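Only one chain is given next, in structure tokens, and it is the form deposited in one PDB entry.
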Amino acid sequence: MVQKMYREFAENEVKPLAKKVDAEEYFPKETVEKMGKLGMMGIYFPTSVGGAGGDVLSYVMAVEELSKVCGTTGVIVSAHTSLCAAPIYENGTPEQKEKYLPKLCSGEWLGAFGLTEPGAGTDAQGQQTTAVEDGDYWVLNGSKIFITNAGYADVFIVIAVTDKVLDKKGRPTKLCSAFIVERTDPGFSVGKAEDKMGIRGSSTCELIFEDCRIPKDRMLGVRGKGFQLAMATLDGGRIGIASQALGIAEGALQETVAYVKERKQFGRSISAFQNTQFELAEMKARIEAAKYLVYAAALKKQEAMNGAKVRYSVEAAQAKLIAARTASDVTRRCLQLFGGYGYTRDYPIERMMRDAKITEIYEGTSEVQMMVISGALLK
């Protein structure tokens, strides 16, 4: 009753704004605040922490419905929910939960997450942002690159190097910890918005820590287990991105069906040619196959959230790998069915193709997803 339900909720919230968001690199604060007033920034979190008391699948559906019409809007929510609000709720203390989750789930605060560094993006373990103890404070130094929501975010999750310890075989190893960084923390700046191929309305900025001293109780999770917390967070985030890729491919298919039904070239609708029919049919099935992967991932996560001791990293990895590749594949072929008109800004299909490309890259590339799947498989 929450799953079937919210799908219409999210379907009615629609996209008269997607063209200007993309064309003008414009962050949609109107949509974000409407979402806060609607509970869409706190969906699967319990009401005891400020959330809307929904389930993980309803969150996935919301992202997918938004991403059908604006990939940028889907990633703003997804990143804020899965990458900032989720690790607080999943590893934070009652005090940490109460101080941060009510304002994140209501929309009052926007959340971001910084792991990626210039030389340690895929090698997220070999990073160089550091954190040292100073009495009752921590002192951070370094930078984070390509951080979603960063220009408009109020709270940031930051992974920094806290200890340099030894491994079993004497090789020095770096241990990280997660830190809750507020936008007002001194010595913390947000750089300029990057110029991207797509999801342009999304604020992708650099983080700069120049002696950012934060209170001692901003440490999230177990000291030195920050890498494990980061990888656990990305597992939930990868379900979010997979649901984004799914909506882009679904939105692209939606528009293409409408277009081929009305345009006629040889005296008949373009939909009357067999090639058009087979392309749309094969694409739809591929999209359906990806939809169930995404849906299966979301509820395996729900199982883990409900106390069951199950792992969902593999399911999430499979979902993001297949959804992202399906999204790029569907958008390219759908643009083909538009002909020359699909190469212009009159229609959204060109934006959707640019937007689809990112889902294969960010929050862990497809290659990293295959490392996850094969690791479980070959073990």
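Residue positions are given as counts along the sequence shown, with the first one as 1. Between two forms, the rigid core is defined as the largest C-alpha subset superposing within 1.5 Å.
Unshown form deposited in another entry; subsequent notes refer to it.
*Asks:* Classify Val14 as shifted (yes) or not shifted (no) between the shown form and the other one, where shifted means its C-alpha moves by 2 Å or more with the rigid core superposed.
*Replies:* Yes; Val14 is a residue whose C-alpha shifts (by 2 Å or more) between the shown form and the other one when the cores are overlaid.
*Asks:* Since the CA distance of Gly201 and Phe9 differs by 3 Å or more in the other entry, is it closer or farther than in the form displayed?
*Replies:* Residues converge in the other entry, at least 3 Å closer.
*Asks:* Flagged pair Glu11/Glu64: C-alpha distance shifts by 3 angstroms or more in the other entry. Which direction, closer or farther?
*Replies:* Farther apart in the other entry, by 3 Å or more.
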